[PDB]
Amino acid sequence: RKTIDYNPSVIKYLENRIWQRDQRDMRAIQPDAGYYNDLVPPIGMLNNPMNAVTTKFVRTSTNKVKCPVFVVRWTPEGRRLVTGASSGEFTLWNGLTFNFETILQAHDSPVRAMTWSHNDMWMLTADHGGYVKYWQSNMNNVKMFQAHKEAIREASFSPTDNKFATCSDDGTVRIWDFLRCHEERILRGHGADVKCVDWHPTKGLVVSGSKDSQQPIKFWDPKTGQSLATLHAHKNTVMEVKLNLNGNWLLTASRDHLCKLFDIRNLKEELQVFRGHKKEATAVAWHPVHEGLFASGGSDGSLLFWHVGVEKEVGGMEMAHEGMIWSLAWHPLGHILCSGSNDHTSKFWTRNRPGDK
């Protein structure tokens, strides 16, 4: 029955901007419960990404018919959170009160991939052994399209949103034009079961990660189709691959219980190894505001928080869920992190209140 509202923090930050040059002018938020109106969004304290370590459980959201949640994504404005479940269902929850809003039978198959275009017009989705579906802002389907004859694991948009790449369980990554429903190019340099794919925010290249032990990570030229390079980052299957918005970093999460960070320009050595988990690492989400902060979730119901400059883990929750965490989604403001796991539930996590024990 709890709720978190970001408007007071945004208002306090707007009142701060006029007479504060930067964070060295911001007064101290005392670790006391009375200092509730002094809170500001992440953009109000860029020198302290720790504020965005959301380990305070707020609300667990569970469908009437419980199914393992495979993907969670906020709408671009942050109004409603969508959960794509194994029932092929989209469950729309309110982003401020976390109560049930709506539910739609969007897929006949477990929807595995859900992404919003860089422009807030389109939501693209894909299901297990299924199709790519386009969605307007009003959750009305406009196009259903046969993409792969096998399971599609993830999809991502090009910076201009004119094209998108999908990785599937056929060991391939296909690149399509968005305005049409046409298969532009194929990338077949993998073994089997490509489980993650990501498009670069500026440069034209796509990263993929699969079950293969000989070619786990692979870079690709979208327009040409050529394989730029192969990255042997892990021995187990690479579960997620995400490029930081700065365009320089590559983050990976694999079943070998590890997260990894690489410099996109020099791939000879690993830039950083995030070690800290009990089992595999299944999900990763870069923070939308803090450049070095990110969150991860594993086969155990644990989630962790890391910063790029720090070797050790920054924080987290050990029994956050009871199944494996499939998806992590930051609220666009960066103050709420939602987790979608295999235990048929999806939880919301906020920043710790000053004065909490």
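A residue's number is simply how far along the shown sequence it sits, counting from 1.
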message = When the Cα temperature factors in the entry are averaged, is it 8-16 or 337-345 that ends up higher?
response = 337-345
message = Going by the mean C-alpha B-factor recorded in the entry, which is higher: 30-38 or 310-318?
response = 310-318
request  = Tell me which of 197, 243, 187, 72 tops the list for C-alpha B factor in the record.
outcome  = 187
remark   = Max C-alpha B-factor within the set 79, 287, 174, 260 falls on 174
task = Please place residue 351 in the lowest, middle or highest third of its chain by C-alpha B factor as given in the entry.
result = lowest
inquiry  = What third of the chain does residue 192 rank in for C-alpha temperature factor, lowest, middle or highest?
reply    = highest
note = By the entry's values, the third containing the CA B factor of residue 204 is the middle
query = Lowest, middle or highest third of the chain for the C-alpha temperature factor of residue 271?
reply = middle
message = Quick check on the deposited entry: does the C-alpha B-factor of residue 247 sit in the lowest, middle or highest third of its chain?
response = lowest
